[PDB]
Each structure stands twice: as structure tokens, then as C-alpha cells.
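# take a look and give me a structure for this.
(one chain, ligands or ions: 2)
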Amino acid sequence: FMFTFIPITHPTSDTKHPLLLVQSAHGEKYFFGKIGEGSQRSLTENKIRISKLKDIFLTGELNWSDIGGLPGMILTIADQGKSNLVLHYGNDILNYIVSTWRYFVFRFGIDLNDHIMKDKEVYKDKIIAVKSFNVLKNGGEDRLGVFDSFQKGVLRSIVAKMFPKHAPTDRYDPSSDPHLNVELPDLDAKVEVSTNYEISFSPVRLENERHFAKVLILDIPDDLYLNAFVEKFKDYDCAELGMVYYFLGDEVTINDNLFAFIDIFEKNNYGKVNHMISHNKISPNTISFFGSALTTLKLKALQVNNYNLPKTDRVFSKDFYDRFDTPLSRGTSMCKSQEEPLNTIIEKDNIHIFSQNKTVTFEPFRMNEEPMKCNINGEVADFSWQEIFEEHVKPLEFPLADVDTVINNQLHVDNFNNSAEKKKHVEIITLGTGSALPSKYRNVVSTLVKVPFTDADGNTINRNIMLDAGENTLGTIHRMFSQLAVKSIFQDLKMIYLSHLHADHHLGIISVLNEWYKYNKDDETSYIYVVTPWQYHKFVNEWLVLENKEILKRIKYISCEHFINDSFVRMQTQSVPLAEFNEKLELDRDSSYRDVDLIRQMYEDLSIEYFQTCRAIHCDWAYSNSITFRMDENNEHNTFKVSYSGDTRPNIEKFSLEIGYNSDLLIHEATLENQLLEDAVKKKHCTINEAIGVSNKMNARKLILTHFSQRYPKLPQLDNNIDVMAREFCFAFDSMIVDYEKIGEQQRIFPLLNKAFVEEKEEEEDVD
Ligand SMILES: [Zn+2]
Ligand SMILES: [Zn+2]
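Numbering: from 1, shown residues only. Ligands and ions are numbered 1, 2, ... in the order given. Provided below are the atomic coordinates:
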């Protein structure tokens, strides 16, 4: 009869938002906070179990950063077999959110209910009780809301169609269903609201009854909210209030003004109240994925210059750290949000940094006899590059792999565009190299190709090209590079291509577009081309009208079917209006016409000589594609040709021999180990051989393999009986930076590479 408040994620390069798990004495579990990108992967890394959990209390404003991990989480918690699941929030917008995920989220046998809480509504459980409060950024009280009662009705119906009781038909693709092409309700009466929660606990039980402290969970996106937050909480009775949790946004600044809000909650009736601060200039930037970081470090020991080491630094808030204690050690970068020190009545032993191993436990107590029982356990997870080197990689004894050459003298060096050659010829960063589920060791797919273009005058600029981007792609980016380096990358990001509608390929695209906007915002003539299946353009539109309408004025979407190398262009479905969703559908004749104006305009802008696609043998509306880049003004013959499979079953007829043919570089899917050939054919992916076979008939001058399914990090088992028709090749690993010219210099290391992860083999074999 006790509760532990165990933090899952804190603000960090990989994990942008806080998430908190409250766990009962006998295992009843509830999430509070935000289910952002990487938040489902961080559960598996740390071996946390989600048995009994069916309640997610979503706080704050809901943009893509705050919920991009949620589609993933739902389809993972379903695949794990969870019967029910309830999403809580204080605004009807939540149903519009899940509704935007029609074409990519579908699971039967899960009872997914959305619970839209009124302003002061209580949710009583057997064990817990949870009252909500909705702060409204600018206004006071919520009147009509956002959607009318008909609009709310149809949105709930879409959610029901997404998570039905019984299986529909065995060959059912949400992509290829006409009834999901609905016109979602317009966001005109939309409101900016932070949802917060008060958590009370059920008393324990002739004798006399013991009570529990009350936890408040606040979520403040930015400063403009604070005026509304003081207006809503000034007269809030802090009687039995034991702790307040502050989920403070990036945009909120740590100044006298914030602490005038915090000061409201200085006292309770039986003593003082402890404060827990989650903020990105306060919480440390620890490594979130140690599996990945170790795997990356071992790989850097073999081929240095092809990996960056995970950064762990950030600027902290001097104002804060000085006003309490552990002031900064003078090497680490500080920030000073104001001239004067912090004006606040809070004591140092009653305020704490929200961090990963910093758990809090509440025991019950005799109301007015004794002080309220609350115990803040744990310390920040310390970490040392040198100490993990000597333990985990030094004993492997690789050629010239030592604590200096791998770590120390590499620690301050970006291996992206630095050298002479690297400027004027192609690079590929493989930011994710995995199938379906984010694993401990390989994140979901993303492939970023730098294709340079040299000018008449002879100076050379990059054309960065995104080829899919699953959950937390912008995370894995922010982690490898410094902030100074990310700006240049997004300023040169000219195109985003999606192969198909599976969630492992697109769930980071919105984050990517948000970041692209951050950097290209200010150039009125800066645009981004987005070539995707047409259903994903529905999403982008219905999402960005919610989150940032302005970005839609810079997106120049083509559509994959308008590049198909086929006389016949498949006709897309006509959008069925809102009214007529209730209980054949006409196709759109105009959708058959290639948007040739915009294609020609892409070619001129990005210097593409030819872009074309073909159909992948996988999903409906899947695609494989091939792009030919002219490399300078003063040369006709200087073309570079890239090709990228979707999740295709090997397609040697239409892709290898036709569109892909004679390509300088192929990037192909190699999901399955050869041993699982009969599973690959059902799941519609190539095996490592079937991939190499495609690369062969194509005549790929070079090859890269990605989208690996694996129980553990290994180099794939090459078949001795098959040739590599390809002057150079390599196997992708998360955060890897090849130069196109130097793709082959992995082959030299192939024998040693296999040895490197025997530690991770024996570990994952603990179940076998
Ligand atoms: Zn996939
Ligand atoms: Zn797929």
C-alpha cells in the first residue's frame, strides 16, 4: 500500500519530453505526461514492463513532438496483447489526432477508448483519483469547444473503425480502402490549452485511516501560458499537496516570473512541498539509448571517421543552479536569463531536477500526527566515455583502437562535410537501419543522401535528400551533430521522399518538416519538395493545419504515382465529405494527370535530370524510386544516379532492369536473414541474397543495405555462393557516414566486425 513515481524519459537530444510512470504497490500502472518520439524505445532499453497499464494521461499542448511516439506505442502495446487502453485529455482535439492516423494505424482486439475530460472532471479508479485542469493559453473558460456534436460523433466513429473488436478480412490494407478517404472537420474554433492533472490516492483502511499526499502535474509549453496559469491556480488549495511536477517547455524561460508562479505552491498545511522541474536547460542530457551508443562506439573503433560519438552536452541555466546548489563547474556551458539572481521563497532542499533514475515514493501517514511521507530517491545516471571504452572495446583488441584515437582526439570532430573530397562528392548518413519496431540496437529507417552541386564559378553547395524518416529520426540527428551543424543540414534539405504508408517509414517526417521550417522560415523563396503516396499528403495537410498552417505554404508535394514509369497512372479515390461517412466510391479523373508543371519546376530547382518511380511488391501504393542528379553547370555527362527500394519483395523486372538500371548507387531493403526465406516471401521483404540479386541485375556500381530485422547487432551472413556484382558495398548501421567514393572500405573490416558484438549476442541469448 504505496506508490512509486518512476520517470521514463526526461528532456534530452533523443527524448524531447518528460514521461512519468506511477506504479502502485502491487503493480497497477499509469502514464502521465507526453508520449513523444523514442518514448516506446526507451521502455525496451530499460526493461520496463507495461502489464496492467491501460491509462495514459496526456498533458500540455498536443503537437507532433508531444505524441509522435503514441501511434508506435499503441501498435506495440496491442501487438504485446493488451486488452484495453484509454487515452485521457481535456479537449476534443484528441479524437482528431488519432483520426489523422487512419491510413497507418489499425489493430483489432484492442479496446482503445479516448476519454475527453471536462475542465475540473475527476476520474475515480479502484486505487487512484485524477482531477484535470485546463489552462487556456489566452482566454478563461471553454464554451462551444472546437467541434460540434455531429463532428465529435464522426471522429469517434473513425477511432472505432481503427480499433475494432473482431478481424475485418485477411487481405485488408488501410491504404487501399476507399471509406477512410473522409474530409476531417475544419479547425476554425481551435483552442490552445494545456491540460494538467491533480493525482490523489485512495486512503488505506478497528484502527484509524492513513492518507496519502497529493501530486500535481503541470505542463507549461511557453511563457505566454504563465499569465493564464497564475489566474487558474492562485486560489488553489495546497492543503495536502506533497509534490508538484513541472513539465516546462523549451520556450519557457527560467526567470523571476516563472518562480512567482512556482511560489504559489510553496506551502502545504503540514510543512513545505517538494518541486520537480523538467526543463531542457535544467535536466541533464544523458545518453538515452546506451545500446545504440555502445554499438556506435564499437563501430567507431573499427572504421573511425564513419561515426560520430553521441553528444551529451547542453547549455544549463546558471540562474537556477546558482540560486540552489551544485553550481556549474565552469567548463560546462551556462546561460543567464536575467541580470539579478532568482527572487523566490523556495528552499534548496525542496526543489529537484527531473531526471531518469530520480524516482519518488509516497507512503501513507497519520494526517496531523506526523509529517507527510514523501521520499526522493536516486541520483543522476553518471557516464564516462573512457571507462566504457576500456571495459567494453579495449578487450576486443582491434587494430589501433585506443582511448585516444577513437575517443579523446575524435571527441570534438564532426565527420560529415570536413575533408577536401567530401565536399564535392556524395555522402550517405544512415540515421536508422531497422524493420518495423524500434529495437535496442537499430532504430526505424531513415536514409539521408548529400548530393553536391558545383556552380559555374566552382563553389559547391549540397542538396540533402531524405529517404523515409521513421519515429525519432530528428532525435538521432540532434544526438550525433552539434547544433551549429544541424542548421547547415536543414538549410540544404531540399526534398523528402516516402516509399509507402507503413508507420516505420514516416512517423518522424512532421518533426523533420518542423525543423526544416525553423531554419528555412526566414528565406521567403525557400521551399521543400515532398514526394509521397497521396494518402500521406492527406495526413500532412490535416496535421499541419492543426500544428503550423504556415508550413503548408512551402510544401510542394508531387505524389509518387505521377512519376510511375508506366503508361497507366492509378486513379486516386475521391474524398467523401463529412456528412456522408454514414451507412462504390467514385475515383478522381483529374488525379490521373501528372502534375508536370511542378515536376519540371523540381527539376530546375534541384538540378534533377530525371526522377521516376515504380511499384513495389509489398503494400498497395508502395513504391521504389530512382533519381538522376546533374552535378555541375559545365558538364553534360556528369550525372549521379541513386535508387531506393521501398519494402519491396525483389522486383527485378520493373525496378532492377527498367527504372533502376545502371545506377551509381542502389539503396536496398535487406530485412530478413537468408535462413528465413519462407517468412520473407509472406511478409513481402527481400532476404540479404534476394537484395544482392537485385543489385546484380541492376548493375549497381555500388550497394548499401538497410532496413534490417535482427535480434541483436551482427553483420549479415553473406552467402558464399552469390556474387557481389558491385565494385564496392556496405551494410548500414545507425549513425553511419559513408562517402560514396569510400563505400568499399568496410569490406576490409568485415571479419573483425562480426566478433565485436559477441557481448550483445550472449546477452540476448539469455532467453534462448
Ligand atoms: Zn519497413
Ligand atoms: Zn513496410
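# and the residue nearest the centre of the chain, what does it touch?
Here the mean C-alpha position of the chain is nearest to the C-alpha of residue 472 (Cα atoms, centre = their mean), at a distance of 2.4 Å. Taking Cβ atoms under 8 Å, 6 or more residues apart in numbering, we find residue 472 in contact with 14, 37-38, 41, 68-69, 438, 443-444, 508. All C-beta spots, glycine's among them, are computed from the backbone N, C-alpha and C.
# ok, now with 7 Å
Contacts were defined as Cβ atoms under 7 Å, 6 or more residues apart in numbering; by that measure residue 472 touches 14, 37-38, 443, 508.
# do the same with residue 344
259, 262-263, 323.
# from these, pick the one nearest ligand 1.
Closest approach between these and ligand 1, by Cβ to the ion: residue 262, at 45.2 Å.
# PyMOL command to pick out the buried ones of the contacts of residue 344?
The PyMOL command for the buried members of these (criterion: 16 or more other Cβ atoms under 10 Å) is given here:
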select buried, resi 259+262+323
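# determine which two of the contacts of residue 344 are furthest apart.
Comparing every pair within the contacts of residue 344 by Cβ to Cβ identifies 263 and 323 as the most remote, at 12.8 Å.
# quick one: the helices in the stretch 451-600 of the chain?
With helices called from DSSP state H, counting those that start in this stretch, the stretch 451-600 of the chain shows them at 473-480, 483-491, 503-506, 509-520, 534-547, 596-606.
# of the ones you listed, which is nearest ligand 2?
Smallest distance to ligand 2 across the helices of the stretch 451-600 of the chain (Cβ to the ion): 6.3 Å, for helix 503-506.
# so does the closest one get close to ligand 1?
Yes - using Cβ under 5 Å from the ion, helix 503-506 reaches ligand 1 at residue 504.
# what residues are up against the residue of the stretch 451-600 of the chain found nearest ligand 2?
For the stretch 451-600 of the chain and ligand 2, the shortest gap (Cβ to the ion) falls at residue 502, measuring 3.4 Å. Residues in contact with residue 502 (Cβ under 7 Å, 6+ apart) are 104, 619, 647.
# ramachandran coordinates for it?
Torsion angles at residue 502 (phi, psi; degrees, to the nearest 10) stand at phi -70, psi 140.
# quick check: the gap between it and residue 173.
Distance of residue 502 to residue 173, computed by Cβ to Cβ, to the nearest Å: 10 Å.
# need the overlap of contacts for these two.
Residues within reach of residue 502 and of residue 173 at once, by Cβ under 7 Å, 6+ apart, are residue 619.
# how about residue 754, nearest residue that isn't a chain neighbour?
Leaving aside its sequence neighbours, residue 754 sits nearest to residue 715 (Cβ to Cβ, 6 or more residues apart in numbering; 5.1 Å).
# quick check: residues of this protein near ligand 1?
504, 647.
# how is the chain divided into domains?
Here the domain assignment for the chain is 3-283+315-376, 293-306+384-415, 426-565+591-764, based on automatic domain parsing.
# now those domains in JSON lines, with distance to residue 581?
As requested, the domains of the chain are exported to JSON lines (distance: least, Cβ to Cβ, whole Å):
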{"stretch": "domain 3-283+315-376", "distance to residue 581": "5"}
{"stretch": "domain 293-306+384-415", "distance to residue 581": "47"}
{"stretch": "domain 426-565+591-764", "distance to residue 581": "15"}
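# winner for burial among the ones you listed?
Among those, the stretch with the highest mean neighbour count (mean count of other Cβ atoms under 10 Å) is domain 426-565+591-764, at a mean of 20.
# so how far does it reach from one end to the other?
With Cα to Cα, to the nearest Å as the measure, the ends of domain 426-565+591-764 fall 36 Å from one another.
# off-centre distance for that domain?
Counting by Cα atoms, centre = their mean, to the nearest Å, domain 426-565+591-764 is centred 17 Å from the centre of its parent chain.
# look up phi and psi at the residue of the stretch 201-350 of the chain found nearest ligand 2.
Nearest residue of the stretch 201-350 of the chain to ligand 2, counting by Cβ to the ion: residue 292, 22.1 Å away. With angles defined as degrees, to the nearest 10, residue 292 sits at phi -50, psi -50.
# does it touch residue 713 like I think?
No - using Cβ atoms under 7 Å as the test, residue 292 is too far from residue 713 to be in contact (9.7 Å).
# show me where the stretch 501-650 of the chain has its strands.
With DSSP state E, counting those that start in this stretch, the ranges of strands along the stretch 501-650 of the chain come out as 528-531, 555-557, 608-615, 623-630, 639-644.
# got the CA coordinates for the first one in PDB?
If I follow you right, that is strand 528-531. Extracted in PDB, the C-alpha atoms of strand 528-531 (Å, rounded to 0.1, in the frame of the first residue of the first chain):
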ATOM      1  CA  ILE A 528      10.700  21.900 -49.800                       C
ATOM      2  CA  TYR A 529       9.500  19.200 -52.200                       C
ATOM      3  CA  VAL A 530       7.600  16.300 -50.600                       C
ATOM      4  CA  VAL A 531       7.200  13.200 -52.900                       C
END
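# could you say what helices and strands that strand packs with?
Secondary-structure packing of strand 528-531 (3 or more Cβ pairs under 7 Å, 6 or more residues apart in numbering; DSSP states H and E): strand 493-497, strand 555-557.
# and the shortest one, what does it pack against?
In this case it means strand 555-557. strand 528-531.
# sheet partners, orientation included, of the strand it packs on?
Strand 528-531 pairs in its sheet with strand 493-497 (parallel), strand 555-557 (parallel), by DSSP bridges.
# ok and the first one relative to strand 623-630, angle-wise?
Spelled out, it's strand 493-497. 150 degrees (axes from the mean of the first three to the mean of the last three Cα atoms, to 10 degrees).
# whichever residue of the stretch 201-350 of the chain sits closest to ligand 1: neighbouring residues, count only.
The minimum distance from the stretch 201-350 of the chain to ligand 1, using Cβ to the ion, falls at residue 292 (18.8 Å). When neighbours are defined as other Cβ atoms under 10 Å, residue 292 has 25 of them.
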